[PDB]
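Below, in structure tokens: the form deposited in one PDB entry, a single chain.
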């Protein structure tokens, strides 16, 4: 009977995904670090959702606020590879240099680090996992990150900021992967 946020896992989701949260979405914290975890239900099959989420060279497919994303001409999508993204004009960030940490097509886990460019999300590190759900098939996407808290900002402000980006991105991901349906 308390105030439940829409990006929080529901009880049912948590009971299905608790171990994935333990393995993939938990961070060591304390002292100028903050982290968060967001969930997005998607009425599309997990493999469709994953096929988008895994495209490290093409975040624009579903992420917002990207003027451009450039990978090298000899780009092979493997762990360690990098992308340079340019944020649309007018935001508090201009560029992000990002590195692919994780890519598991079997378990549907990917992750990246910002290493990082013109912005105030220092040492951002993020993981996204995609999961099947039944009760007739739907997907739950979990996305989390840990990131430094800028000297004169609060943890709450930092989290609100990063959460807002992730939250929109996951809405877009849901929208486009649901769009075709059948």
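Throughout, rigid core stands for the largest set of C-alpha atoms superposing within 1.5 Å between the two forms. Numbering follows the first chain given and starts at 1.
Below, we turn to the form deposited in another entry, even though it does not appear here.
After superposition on the rigid core, the Cα of residue 90 moves by 2 Å or more between the shown form and the other one.
In that other deposited form, the separation between the C-alpha atoms of residue 92 and residue 25 grows by 3 Å or more relative to the displayed form. Wider separation of the C-alpha atoms of residue 111 and residue 93, by 3 angstroms or more, is seen in that other deposited form than in the present form.
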